[PDB]
Amino acid sequence: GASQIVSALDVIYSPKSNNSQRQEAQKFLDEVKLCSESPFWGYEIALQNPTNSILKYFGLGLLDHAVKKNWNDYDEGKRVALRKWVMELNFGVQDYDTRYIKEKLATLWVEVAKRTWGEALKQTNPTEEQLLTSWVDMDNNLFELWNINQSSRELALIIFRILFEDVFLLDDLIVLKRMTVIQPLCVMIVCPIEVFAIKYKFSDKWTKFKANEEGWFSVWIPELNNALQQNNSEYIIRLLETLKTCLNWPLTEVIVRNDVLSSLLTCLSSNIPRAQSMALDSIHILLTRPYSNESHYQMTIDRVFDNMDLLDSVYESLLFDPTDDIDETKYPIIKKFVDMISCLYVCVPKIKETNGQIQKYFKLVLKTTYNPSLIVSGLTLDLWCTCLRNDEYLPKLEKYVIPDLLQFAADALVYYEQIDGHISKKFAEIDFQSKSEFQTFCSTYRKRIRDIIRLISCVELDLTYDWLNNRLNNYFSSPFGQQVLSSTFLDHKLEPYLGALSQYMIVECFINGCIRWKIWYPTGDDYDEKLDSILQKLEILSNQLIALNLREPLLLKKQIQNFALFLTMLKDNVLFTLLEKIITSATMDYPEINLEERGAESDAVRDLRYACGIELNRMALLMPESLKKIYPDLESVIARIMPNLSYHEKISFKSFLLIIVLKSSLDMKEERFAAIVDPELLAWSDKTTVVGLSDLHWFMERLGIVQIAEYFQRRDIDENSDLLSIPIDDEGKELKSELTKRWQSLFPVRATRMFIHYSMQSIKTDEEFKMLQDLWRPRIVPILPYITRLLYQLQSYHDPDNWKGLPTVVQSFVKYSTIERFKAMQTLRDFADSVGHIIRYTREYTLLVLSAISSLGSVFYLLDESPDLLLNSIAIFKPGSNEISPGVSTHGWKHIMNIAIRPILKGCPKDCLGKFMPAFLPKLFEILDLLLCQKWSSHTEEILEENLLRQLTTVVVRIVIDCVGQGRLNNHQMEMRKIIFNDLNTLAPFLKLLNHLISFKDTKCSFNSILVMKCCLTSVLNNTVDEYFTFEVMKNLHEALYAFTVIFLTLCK
Amino acid sequence: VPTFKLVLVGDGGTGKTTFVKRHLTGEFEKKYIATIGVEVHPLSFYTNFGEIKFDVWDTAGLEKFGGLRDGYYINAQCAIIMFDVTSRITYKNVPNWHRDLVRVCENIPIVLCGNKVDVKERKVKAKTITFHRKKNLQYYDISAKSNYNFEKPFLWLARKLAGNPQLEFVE
Ligand SMILES: Nc1nc2c(ncn2[C@@H]2O[C@H](COP(=O)(O)OP(=O)(O)OP(=O)(O)O)[C@@H](O)[C@H]2O)c(=O)[nH]1
Ligand SMILES: [Mg+2]
């Protein structure tokens, strides 16, 4: 009895029922759904229980299950009966049927249609019965449904919506099997028969499936127009919902004949927000759809562009005040609208501007660009960039919009995420999940704004130059400008600094635009004097900026970085007048602050000087020849600046001089090179250091741990006390500074690295390379043993067994100094962390020095002691316990292998490769094998340690693949493979290392090692190697299985 | 006090029943148990504007077991479309769930939730979640195993239903 079904449904939908009795009722209803005659019960329920919506929906659900899961099982009679039932239920729709009931009825109708409609057309002259089974009346039935009552009209609209969605917009499996007969039928029903005949030549068997001769579009559009005039909001929304699905695919002739776009524009000007959203989606679809005939496309775009006043009015209507609370009913519509507008610019070249259509369009786009939201503006920034970079548009923009777009882009280049209460934040809480996304988007937005300004400067250089001069003059007269000029340090989180920085980024964009102009201009005869004018204007601008005597270090850094761009272009004579100002302004002293106390001000000054050095060196590399003209004046200037410049920067400027001396074709290179370099490398050969390096205790003393012990004694520090609770004092700060200053110059690793790196940074000819090798060999070869000794000491430092000889007072301090983890110090714990930082920094620079020495080629590799010196320093063995370099961080090994060993291997010359690799690789592979075996033996902070171990393993894998490649090769790998495989002494530890890699827990490392083996098996077997391989590889072990099988089959042969 | 029927829907095995459990009790379930039919769980939240109740319908996400697959959405007043970033299939079915959902209830607020964000091996990425940007759905990365965004969906739905963006939860 149906009453059981009603009771079960009440149990399920009753809030008070517990989930167990819900399960009971649900099991009963599933059995009912699975019963025979289920569709008939569903039809009976739906027809007899019109008042109870839940029960009727359940009956329709039974019918839907029938048609959607049992259509194949039913014979013809059942299928036709199902169709009759669905049609009868649809025709019986009434005003009391809820919306979801109408949706379900439409779904049933569409399902039956998809599975039966027009299947007979695949045959020639189908019989009348074949027409009946194929549902020849469907169009006629729908036309009947359309006229029954208003509810049936809405139902027909839903049927069309679902039908077209499934047939065209979605990947419906049932349609994929019938596209060739469904889609033409849809096109037939919507389009008039005459229009249809043009594209399709099919015979009379088709036309019998059409009842409305003119097609449905002749019905929907008059209905939509008549609803709009009557302001029937609901009916308009439904009609647009149906229409939005059937504008893409149908023949264009019907769209033009009915003047659909006129109706869509009328909807868009209607105050109904749903109608506006649907109409915008529809217009975008209508613009982007594929057009077979271009006359219709021309008519469409002309219609859109002739109604730019209407679109402007619509946009004005959508706008709202976001200060209090953004309106979420209209904000999505604004985003959609502005998205549509941004896609029209591709149509501009095809528009015949009879009444200023293009002007109005571009002004509208600009108006939408001023939108408070950053997403809305970001929609149009790409349009602006693309329009600026295509020479077709530039006449139009120039006459219309460029002078205003420039002003916008200039005013929109601010830091939104840091301004308090900025109007853009209101929308950020809606459009973005978290402040991270908002900041990333703001960065992208400002990038695109800078591109806009750069291109506007490139295209409209004179206009932008006048505008820029006016802007800067007006700014540095404003009170904020005066504060910036009349102050030495600014809170770089507050209005004055941010405003000044925006001005300097605008200046940078102008300079980048001026640079691009050199490439963009068509190099006519007029080019020379134009470029001369640009250079003069840049010179005047630079002199204007210098005259401000800006001192704020962090803004002065940007000013220096901007001036660096000028000199890419400026003439040789003015080059000095600018470089002298750069050097003498970046390296000014700041009495207001005591440097090296690590305060924000000191850090800002240090960054300023470091950036100045970097820019000078970069420039010297880029144009060494130009600087030759003025080189002595630069020598004089830098000598003038040296006294107040710290060592860490004395080096950075001496390297600049060195670059000029070497790569500028300046005469008498050797003596200048000596004068620049020898005073700096001298510290290596100091006899107290040469002797000192051979003792670890002396190394600790120089590091200052003895002085740390004295300091702890004078403060009565208990070695067991928690250092984190003890604060630093004046003596502590002074000792820290003294130690770091003495250490830095005791081991001039940075000076060596800089000089070698920049010396070899670029070479034109092998003759120049030989000249550099001759210059460096006398100075490096005597020093390499000491660099390796330094690295040796830094390695043995981390071993707890070594500092056991130091005073007990400092044991905890040293132990903390070796901590690995990833601001001014305040506690002895921070002091120990800083000492650890000193040690680690020296280690990194020693590795970089060793890597750089490798670039000298024959000078380093061809030596006999290079491999032993390099290996003995890194791998510190201990008698008894055979662990290598005890106590050194896994991150430490990662850095060692990544910076020193891998580049040294990669950088081996092939004429020297004969001597080096046979002596280097054996011990290298042995060390790697022992290392990774020891670390993996031990296998949140623990997860981070495991990740570091996996990183180290990947680095070793990278080294191995560099050595012998993976399963094509290049000259390096081919050459090395000869050494690896010919030398059994190399091969044995190599195979051990490979096997250990294969069996390690990391998936990527093991898989890549397996590929290496797959690429290596055929060569190694080609005696002792054979047996060792067989035994160990087999007992150790998806191409891994393939390699295992190959090994078995080969060795067992 | 007001009671809002919420229907929780999403591809099977995406963590729908774990999420409502976590809100019921602070625990967490390791097992994947296929929910059969629907589980009805009355949730409640306390806010600066009193108390609200979500009568959450936790629907089954598997074709085999969905009893009244879409009959549960009847009279719904909000919904959450749940998918897990760990498998792209569950996200690819989001539009299908949205069709099934809006088809029965038109204008209800709907929240799109990416579950299992705690695991670093997310296969769905920000460049693919633009489905919500397209359907005007509110999106949240969440995890039943981590509370960092475990309350955002219900907060947003409470704001939408109560018509009061200033509503906020307290405990
Ligand atoms: N990684 C991760 N896994 C989760 C999280 N939440 C739930 N899970 C997993 O999801 C499974 C729980 O299964 P269910 O919650 O029943 O899956 P469902 O989405 O409810 O799908 P149905 O059971 O078919 O209704 C457990 O195995 C959990 O490990 C999460 O936040 N992060
Ligand atoms: Mg579940």
# chains A, B, ... in the order shown; residues from 1 in each chain; ligands from 1
$ interface_residues --of "chain A" --to "chain B" --cutoff "7 Å" --atoms "only C-alpha atoms" --output "JSON, numbers by chain"
{"A": [19, 23, 26, 30, 100, 103]}
$ residues_around --residues "residue 51 in chain A" --least-positions-apart "5" --cutoff "9 Å" --atoms "only C-alpha atoms" --output "ChimeraX atom specification"
/A:56,96-97
$ select_by_dssp --residues "chain B" --states "strand (DSSP E)" --output "MDAnalysis selection string"
chainID B and resid 3:10 38:47 50:59 78:84 110:115 138:141 169:170
$ residues_near_ligand --ligand "ligand 1" --cutoff "10 Å" --atoms "only C-alpha atoms and all ligand atoms" --output "PDB file with N, CA and C atoms, in the first residue's frame"
ATOM      1  N   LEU B   8      24.754  18.648   3.513  1.00  0.00           N
ATOM      2  CA  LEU B   8      26.166  18.475   3.224  1.00  0.00           C
ATOM      3  C   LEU B   8      26.297  17.437   2.123  1.00  0.00           C
ATOM      4  N   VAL B   9      26.858  17.844   0.987  1.00  0.00           N
ATOM      5  CA  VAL B   9      26.949  16.986  -0.181  1.00  0.00           C
ATOM      6  C   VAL B   9      28.365  17.040  -0.725  1.00  0.00           C
ATOM      7  N   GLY B  10      28.758  15.956  -1.371  1.00  0.00           N
ATOM      8  CA  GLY B  10      30.062  15.877  -1.993  1.00  0.00           C
ATOM      9  C   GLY B  10      30.363  14.459  -2.406  1.00  0.00           C
ATOM     10  N   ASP B  11      31.384  14.331  -3.246  1.00  0.00           N
ATOM     11  CA  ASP B  11      31.749  13.023  -3.762  1.00  0.00           C
ATOM     12  C   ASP B  11      32.102  12.085  -2.616  1.00  0.00           C
ATOM     13  N   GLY B  12      31.731  10.818  -2.772  1.00  0.00           N
ATOM     14  CA  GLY B  12      31.925   9.862  -1.696  1.00  0.00           C
ATOM     15  C   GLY B  12      33.371   9.825  -1.231  1.00  0.00           C
ATOM     16  N   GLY B  13      33.549   9.641   0.074  1.00  0.00           N
ATOM     17  CA  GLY B  13      34.879   9.514   0.628  1.00  0.00           C
ATOM     18  C   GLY B  13      35.672  10.795   0.656  1.00  0.00           C
ATOM     19  N   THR B  14      35.006  11.943   0.591  1.00  0.00           N
ATOM     20  CA  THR B  14      35.680  13.231   0.652  1.00  0.00           C
ATOM     21  C   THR B  14      35.764  13.788   2.066  1.00  0.00           C
ATOM     22  N   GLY B  15      35.229  13.082   3.053  1.00  0.00           N
ATOM     23  CA  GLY B  15      35.279  13.523   4.425  1.00  0.00           C
ATOM     24  C   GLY B  15      34.044  14.235   4.924  1.00  0.00           C
ATOM     25  N   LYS B  16      32.884  14.001   4.313  1.00  0.00           N
ATOM     26  CA  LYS B  16      31.670  14.673   4.765  1.00  0.00           C
ATOM     27  C   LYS B  16      31.324  14.280   6.195  1.00  0.00           C
ATOM     28  N   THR B  17      31.277  12.984   6.521  1.00  0.00           N
ATOM     29  CA  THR B  17      30.822  12.535   7.857  1.00  0.00           C
ATOM     30  C   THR B  17      31.881  12.801   8.880  1.00  0.00           C
ATOM     31  N   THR B  18      33.152  12.877   8.506  1.00  0.00           N
ATOM     32  CA  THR B  18      34.182  13.251   9.466  1.00  0.00           C
ATOM     33  C   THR B  18      34.016  14.695   9.911  1.00  0.00           C
ATOM     34  N   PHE B  19      33.649  15.574   8.983  1.00  0.00           N
ATOM     35  CA  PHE B  19      33.519  16.994   9.290  1.00  0.00           C
ATOM     36  C   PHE B  19      32.403  17.242  10.302  1.00  0.00           C
ATOM     37  N   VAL B  20      31.217  16.689  10.046  1.00  0.00           N
ATOM     38  CA  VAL B  20      30.115  16.879  10.981  1.00  0.00           C
ATOM     39  C   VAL B  20      30.418  16.203  12.307  1.00  0.00           C
ATOM     40  N   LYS B  21      31.097  15.055  12.285  1.00  0.00           N
ATOM     41  CA  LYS B  21      31.496  14.429  13.541  1.00  0.00           C
ATOM     42  C   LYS B  21      32.406  15.355  14.335  1.00  0.00           C
ATOM     43  N   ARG B  22      33.425  15.901  13.674  1.00  0.00           N
ATOM     44  CA  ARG B  22      34.344  16.815  14.337  1.00  0.00           C
ATOM     45  C   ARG B  22      33.592  17.971  14.973  1.00  0.00           C
ATOM     46  N   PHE B  28      38.243  12.678  15.974  1.00  0.00           N
ATOM     47  CA  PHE B  28      38.530  12.516  14.562  1.00  0.00           C
ATOM     48  C   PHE B  28      38.488  11.029  14.258  1.00  0.00           C
ATOM     49  N   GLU B  29      37.966  10.681  13.091  1.00  0.00           N
ATOM     50  CA  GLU B  29      37.818   9.292  12.690  1.00  0.00           C
ATOM     51  C   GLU B  29      38.823   8.973  11.595  1.00  0.00           C
ATOM     52  N   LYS B  30      39.596   7.909  11.800  1.00  0.00           N
ATOM     53  CA  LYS B  30      40.559   7.466  10.803  1.00  0.00           C
ATOM     54  C   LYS B  30      39.916   6.608   9.728  1.00  0.00           C
ATOM     55  N   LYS B  31      38.889   5.846  10.088  1.00  0.00           N
ATOM     56  CA  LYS B  31      38.270   4.923   9.153  1.00  0.00           C
ATOM     57  C   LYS B  31      37.466   5.670   8.096  1.00  0.00           C
ATOM     58  N   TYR B  32      37.412   5.084   6.905  1.00  0.00           N
ATOM     59  CA  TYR B  32      36.494   5.507   5.857  1.00  0.00           C
ATOM     60  C   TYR B  32      35.327   4.528   5.872  1.00  0.00           C
ATOM     61  N   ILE B  33      34.171   4.999   6.323  1.00  0.00           N
ATOM     62  CA  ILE B  33      32.956   4.198   6.384  1.00  0.00           C
ATOM     63  C   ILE B  33      31.942   4.838   5.449  1.00  0.00           C
ATOM     64  N   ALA B  34      31.486   4.074   4.462  1.00  0.00           N
ATOM     65  CA  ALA B  34      30.528   4.587   3.496  1.00  0.00           C
ATOM     66  C   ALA B  34      29.203   4.895   4.179  1.00  0.00           C
ATOM     67  N   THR B  35      28.815   6.175   4.227  1.00  0.00           N
ATOM     68  CA  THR B  35      27.546   6.581   4.864  1.00  0.00           C
ATOM     69  C   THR B  35      26.431   6.099   3.981  1.00  0.00           C
ATOM     70  N   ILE B  36      25.391   5.503   4.549  1.00  0.00           N
ATOM     71  CA  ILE B  36      24.244   4.960   3.829  1.00  0.00           C
ATOM     72  C   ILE B  36      23.047   5.860   4.085  1.00  0.00           C
ATOM     73  N   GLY B  37      22.423   6.323   3.007  1.00  0.00           N
ATOM     74  CA  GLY B  37      21.330   7.264   3.113  1.00  0.00           C
ATOM     75  C   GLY B  37      21.814   8.627   3.553  1.00  0.00           C
ATOM     76  N   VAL B  38      21.302   9.104   4.681  1.00  0.00           N
ATOM     77  CA  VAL B  38      21.651  10.416   5.206  1.00  0.00           C
ATOM     78  C   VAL B  38      21.722  10.325   6.719  1.00  0.00           C
ATOM     79  N   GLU B  39      22.667  11.049   7.302  1.00  0.00           N
ATOM     80  CA  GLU B  39      22.787  11.186   8.744  1.00  0.00           C
ATOM     81  C   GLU B  39      22.353  12.595   9.115  1.00  0.00           C
ATOM     82  N   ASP B  58      23.734  15.004   6.523  1.00  0.00           N
ATOM     83  CA  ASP B  58      24.964  14.464   5.955  1.00  0.00           C
ATOM     84  C   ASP B  58      24.590  13.374   4.960  1.00  0.00           C
ATOM     85  N   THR B  59      24.602  13.717   3.678  1.00  0.00           N
ATOM     86  CA  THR B  59      24.165  12.811   2.630  1.00  0.00           C
ATOM     87  C   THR B  59      25.295  11.887   2.200  1.00  0.00           C
ATOM     88  N   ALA B  60      24.918  10.685   1.773  1.00  0.00           N
ATOM     89  CA  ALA B  60      25.891   9.734   1.253  1.00  0.00           C
ATOM     90  C   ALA B  60      26.427  10.199  -0.093  1.00  0.00           C
ATOM     91  N   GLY B  61      27.729  10.033  -0.290  1.00  0.00           N
ATOM     92  CA  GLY B  61      28.400  10.461  -1.496  1.00  0.00           C
ATOM     93  C   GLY B  61      28.684   9.373  -2.506  1.00  0.00           C
ATOM     94  N   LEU B  62      28.036   8.216  -2.405  1.00  0.00           N
ATOM     95  CA  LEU B  62      28.263   7.105  -3.317  1.00  0.00           C
ATOM     96  C   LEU B  62      26.968   6.721  -4.017  1.00  0.00           C
ATOM     97  N   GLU B  63      27.067   6.471  -5.324  1.00  0.00           N
ATOM     98  CA  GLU B  63      25.896   6.072  -6.096  1.00  0.00           C
ATOM     99  C   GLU B  63      25.239   4.835  -5.504  1.00  0.00           C
ATOM    100  N   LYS B  64      26.042   3.915  -4.973  1.00  0.00           N
ATOM    101  CA  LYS B  64      25.501   2.654  -4.484  1.00  0.00           C
ATOM    102  C   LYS B  64      24.512   2.866  -3.349  1.00  0.00           C
ATOM    103  N   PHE B  65      24.706   3.909  -2.546  1.00  0.00           N
ATOM    104  CA  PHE B  65      24.043   4.015  -1.258  1.00  0.00           C
ATOM    105  C   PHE B  65      23.159   5.242  -1.110  1.00  0.00           C
ATOM    106  N   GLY B  66      23.209   6.189  -2.038  1.00  0.00           N
ATOM    107  CA  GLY B  66      22.350   7.349  -1.922  1.00  0.00           C
ATOM    108  C   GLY B  66      20.897   6.950  -2.040  1.00  0.00           C
ATOM    109  N   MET B  82      31.297  19.514  -0.689  1.00  0.00           N
ATOM    110  CA  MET B  82      32.554  19.083  -0.096  1.00  0.00           C
ATOM    111  C   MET B  82      33.350  18.280  -1.111  1.00  0.00           C
ATOM    112  N   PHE B  83      34.608  18.662  -1.299  1.00  0.00           N
ATOM    113  CA  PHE B  83      35.550  17.884  -2.083  1.00  0.00           C
ATOM    114  C   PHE B  83      36.901  17.962  -1.395  1.00  0.00           C
ATOM    115  N   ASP B  84      37.761  16.994  -1.687  1.00  0.00           N
ATOM    116  CA  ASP B  84      39.072  16.907  -1.062  1.00  0.00           C
ATOM    117  C   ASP B  84      40.143  17.153  -2.111  1.00  0.00           C
ATOM    118  N   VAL B  85      41.109  18.009  -1.773  1.00  0.00           N
ATOM    119  CA  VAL B  85      42.173  18.353  -2.707  1.00  0.00           C
ATOM    120  C   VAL B  85      43.056  17.167  -3.050  1.00  0.00           C
ATOM    121  N   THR B  86      42.954  16.073  -2.297  1.00  0.00           N
ATOM    122  CA  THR B  86      43.846  14.939  -2.491  1.00  0.00           C
ATOM    123  C   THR B  86      43.565  14.180  -3.777  1.00  0.00           C
ATOM    124  N   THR B  90      37.160  14.053  -7.243  1.00  0.00           N
ATOM    125  CA  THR B  90      36.145  14.613  -6.361  1.00  0.00           C
ATOM    126  C   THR B  90      35.872  16.069  -6.692  1.00  0.00           C
ATOM    127  N   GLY B 114      37.189  22.794   0.163  1.00  0.00           N
ATOM    128  CA  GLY B 114      38.249  21.874  -0.193  1.00  0.00           C
ATOM    129  C   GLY B 114      38.804  21.196   1.041  1.00  0.00           C
ATOM    130  N   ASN B 115      38.563  19.899   1.179  1.00  0.00           N
ATOM    131  CA  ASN B 115      38.915  19.183   2.393  1.00  0.00           C
ATOM    132  C   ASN B 115      40.295  18.541   2.266  1.00  0.00           C
ATOM    133  N   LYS B 116      40.812  18.078   3.405  1.00  0.00           N
ATOM    134  CA  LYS B 116      42.107  17.399   3.463  1.00  0.00           C
ATOM    135  C   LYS B 116      43.234  18.310   2.989  1.00  0.00           C
ATOM    136  N   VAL B 117      43.156  19.595   3.344  1.00  0.00           N
ATOM    137  CA  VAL B 117      44.237  20.516   3.003  1.00  0.00           C
ATOM    138  C   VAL B 117      45.472  20.304   3.860  1.00  0.00           C
ATOM    139  N   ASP B 118      45.343  19.608   4.992  1.00  0.00           N
ATOM    140  CA  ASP B 118      46.493  19.405   5.867  1.00  0.00           C
ATOM    141  C   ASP B 118      47.625  18.684   5.151  1.00  0.00           C
ATOM    142  N   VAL B 119      47.301  17.724   4.293  1.00  0.00           N
ATOM    143  CA  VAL B 119      48.323  16.965   3.584  1.00  0.00           C
ATOM    144  C   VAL B 119      48.970  17.861   2.540  1.00  0.00           C
ATOM    145  N   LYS B 120      50.298  17.795   2.448  1.00  0.00           N
ATOM    146  CA  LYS B 120      51.021  18.648   1.516  1.00  0.00           C
ATOM    147  C   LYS B 120      50.850  18.204   0.072  1.00  0.00           C
ATOM    148  N   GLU B 121      50.405  16.973  -0.159  1.00  0.00           N
ATOM    149  CA  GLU B 121      50.280  16.441  -1.515  1.00  0.00           C
ATOM    150  C   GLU B 121      48.929  16.786  -2.131  1.00  0.00           C
ATOM    151  N   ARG B 122      48.568  18.064  -2.101  1.00  0.00           N
ATOM    152  CA  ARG B 122      47.337  18.495  -2.746  1.00  0.00           C
ATOM    153  C   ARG B 122      47.495  18.400  -4.255  1.00  0.00           C
ATOM    154  N   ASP B 141      39.411  26.504   2.008  1.00  0.00           N
ATOM    155  CA  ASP B 141      40.266  25.357   2.274  1.00  0.00           C
ATOM    156  C   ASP B 141      40.129  24.979   3.741  1.00  0.00           C
ATOM    157  N   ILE B 142      39.822  23.711   4.005  1.00  0.00           N
ATOM    158  CA  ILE B 142      39.538  23.246   5.355  1.00  0.00           C
ATOM    159  C   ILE B 142      40.168  21.874   5.554  1.00  0.00           C
ATOM    160  N   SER B 143      40.105  21.403   6.796  1.00  0.00           N
ATOM    161  CA  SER B 143      40.511  20.048   7.135  1.00  0.00           C
ATOM    162  C   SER B 143      39.829  19.658   8.434  1.00  0.00           C
ATOM    163  N   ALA B 144      39.166  18.503   8.435  1.00  0.00           N
ATOM    164  CA  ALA B 144      38.573  18.009   9.669  1.00  0.00           C
ATOM    165  C   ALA B 144      39.636  17.655  10.695  1.00  0.00           C
ATOM    166  N   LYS B 145      40.881  17.493  10.259  1.00  0.00           N
ATOM    167  CA  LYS B 145      41.996  17.188  11.136  1.00  0.00           C
ATOM    168  C   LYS B 145      42.692  18.435  11.668  1.00  0.00           C
ATOM    169  N   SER B 146      42.305  19.623  11.207  1.00  0.00           N
ATOM    170  CA  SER B 146      42.915  20.873  11.640  1.00  0.00           C
ATOM    171  C   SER B 146      41.846  21.953  11.682  1.00  0.00           C
ATOM    172  N   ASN B 147      41.755  22.650  12.809  1.00  0.00           N
ATOM    173  CA  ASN B 147      40.647  23.562  13.059  1.00  0.00           C
ATOM    174  C   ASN B 147      40.823  24.931  12.414  1.00  0.00           C
ATOM    175  N   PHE B 150      38.047  25.307  10.226  1.00  0.00           N
ATOM    176  CA  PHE B 150      36.986  24.355  10.509  1.00  0.00           C
ATOM    177  C   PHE B 150      35.660  25.029  10.835  1.00  0.00           C
TER     178      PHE B 150
END
$ residues_around --residues "residue 111 in chain A" --least-positions-apart "3" --cutoff "10 Å" --atoms "only C-alpha atoms" --output "PyMOL selection string"
chain A and resi 64+67-68+83+86+105-108+114-117+162-163+166+174
$ write_last_selection --atoms "C-alpha atoms" --output "CSV table (one decimal), in the first residue's frame"
chain,number,residue,atom,x,y,z
A,64,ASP,CA,13.6,8.8,-13.2
A,67,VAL,CA,14.2,5.7,-17.4
A,68,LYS,CA,17.8,6.2,-16.2
A,83,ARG,CA,6.9,8.1,-22.5
A,86,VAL,CA,6.0,11.3,-18.6
A,105,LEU,CA,9.2,16.6,-14.7
A,106,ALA,CA,11.4,18.5,-17.2
A,107,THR,CA,14.3,16.1,-16.4
A,108,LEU,CA,12.1,13.1,-17.1
A,114,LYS,CA,17.5,12.0,-25.4
A,115,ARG,CA,16.9,8.2,-25.4
A,116,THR,CA,14.2,8.1,-28.1
A,117,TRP,CA,14.0,11.3,-30.0
A,162,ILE,CA,17.9,21.1,-19.7
A,163,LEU,CA,17.7,19.7,-23.2
A,166,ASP,CA,22.7,18.3,-21.9
A,174,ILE,CA,23.9,9.2,-24.0
$ select_by_dssp --residues "range 323-442 of chain A" --states "alpha helix (DSSP H)" --output "number ranges by chain"
A: 331-342, 357-369, 374-388, 394-400, 402-411, 425-431, 435-442
$ atom_distance --atom1 "CA of residue 160 in chain B" --atom2 "CA of residue 284 in chain A"
29.6 Å
$ closest_residue --among "B:57, B:79, B:91, B:46" --to "ligand 2" --atoms "only C-alpha atoms and all ligand atoms"
B:57
